[PDB]
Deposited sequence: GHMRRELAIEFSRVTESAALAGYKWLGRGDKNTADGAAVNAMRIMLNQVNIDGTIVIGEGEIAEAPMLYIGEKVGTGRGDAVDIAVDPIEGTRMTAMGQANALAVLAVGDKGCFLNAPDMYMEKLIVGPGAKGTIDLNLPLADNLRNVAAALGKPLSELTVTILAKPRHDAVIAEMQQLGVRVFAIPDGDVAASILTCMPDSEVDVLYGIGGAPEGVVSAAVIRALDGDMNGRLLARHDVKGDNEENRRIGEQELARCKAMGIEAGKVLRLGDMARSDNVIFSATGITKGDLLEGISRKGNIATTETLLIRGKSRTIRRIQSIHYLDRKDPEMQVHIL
């Protein structure tokens, strides 16, 4: 499957390019719809027998890249697919930094199927692999990570979604003497920073999308870091109890129990993962698309769990 790595990077490049057309145009859903459409089109020309496992939603409210959709030419291997055609849709609509197009491809059955609900995440890179456990308190995890990283706590840097749900815990960490990078959106890209040496980020902690968590699980596994997650029902996080109760019903069926700590391998089950991400706007991880005349440029991160060549591909496209 390593011959397909380039094909997959083309899938994100094309989703990025299509989402870029809608940058700064104040329309979340048209930008997203364009990226989705372009990603599906590209994936349907790749020689895989793909099943969308993480995607735009159920068949009833997502016509494209719905959960269980078959993609690819059907030649090649049966593979699980996680798509996030635009991570940072609001940012794309507003012309802000950190928008990117995301894809992960793995072995059949490789990715946890969990509902579109919230997940508490704790993520670190290779130097702190094995030092984390979400059953312990945050403070304990943080000291353990700092100690394994070989730095004082006060030097430790934690990134976290800047959201109301997170005020209490951001205070607790600042009080504890930790540097807190609060980001507006995008915990998929931010989790990868834990494994990028020239990023000051050591740790991602906090509650974001469950499907995003499973994509971070896959790439974090590929990069040999570590992650724990914990599914949480809407009302435990924020008539939320209405949607929170179907999430728990969906959990029983799926069949997983919320509130239990997922280890790395509970979410990303093998090392055979190809991860691809292409920047739409510039961010901590990737350069944005530039476009002068009939010539556009993209930067793509391409990671394959079987190895460690981490690839950054700078493409010059003649449209």
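- Unmodelled regions of the deposited chain, listed from N- to C-terminal end, are 1-3, 242-245, 327-338.
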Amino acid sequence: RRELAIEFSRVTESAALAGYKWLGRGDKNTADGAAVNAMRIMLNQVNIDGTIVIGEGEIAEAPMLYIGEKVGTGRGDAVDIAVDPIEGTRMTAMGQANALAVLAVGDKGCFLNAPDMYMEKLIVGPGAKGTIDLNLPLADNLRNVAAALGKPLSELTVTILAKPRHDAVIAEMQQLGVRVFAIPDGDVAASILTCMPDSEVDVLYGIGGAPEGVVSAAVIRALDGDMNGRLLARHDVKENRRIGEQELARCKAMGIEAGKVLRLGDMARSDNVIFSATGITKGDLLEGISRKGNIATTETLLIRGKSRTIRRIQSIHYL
From here on, numbers count along this sequence of modelled residues.
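If you superpose the two forms and keep the largest set of C-alpha atoms that fall within 1.5 Å, you have the rigid core.
- Larger root-mean-square CA separation from the shown form, computed after a rigid core fit of the structures in 4 other deposited structures of this protein, is seen for 179-187 when 179-187 is set against 222-230.
- The stretch that strays farther, by root mean square C-alpha distance over structures and residues in 4 other deposited structures of this protein after a rigid core fit, is 147-155, when 147-155 is set against 69-77.
- Compared with other deposited structures of the same protein, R304 does not meet the criterion of being unmodelled in at least one third, since all of those that resolve residues on both sides include it.
- When the two stretches 240-248 and 172-180 are set side by side, the higher mean Cα temperature factor goes to 240-248.
- The deposited model assigns a higher average Cα B-factor to 192-200 than to the other stretch when 210-218 and 192-200 are compared.
- Considering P63, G50, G283, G33 together, the PDB entry gives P63 the largest C-alpha B factor.
- The entry assigns its greatest Cα B factor, within the set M42, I274, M254, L264, to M254.
- For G76, the recorded CA temperature factor ranks within the middle third of the chain's modelled residues.
- Remark: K70 belongs to the lowest third of its chain, ranked by C-alpha B-factor as recorded.
- Among all modelled residues in its chain, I313 ranks in the lowest third by Cα B-factor.
- In this PDB entry, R90 carries a Cα temperature factor that places it within the middle third of its chain's modelled residues.
- Ranked by C-alpha B-factor against the other modelled residues of its chain, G106 falls in the lowest third.
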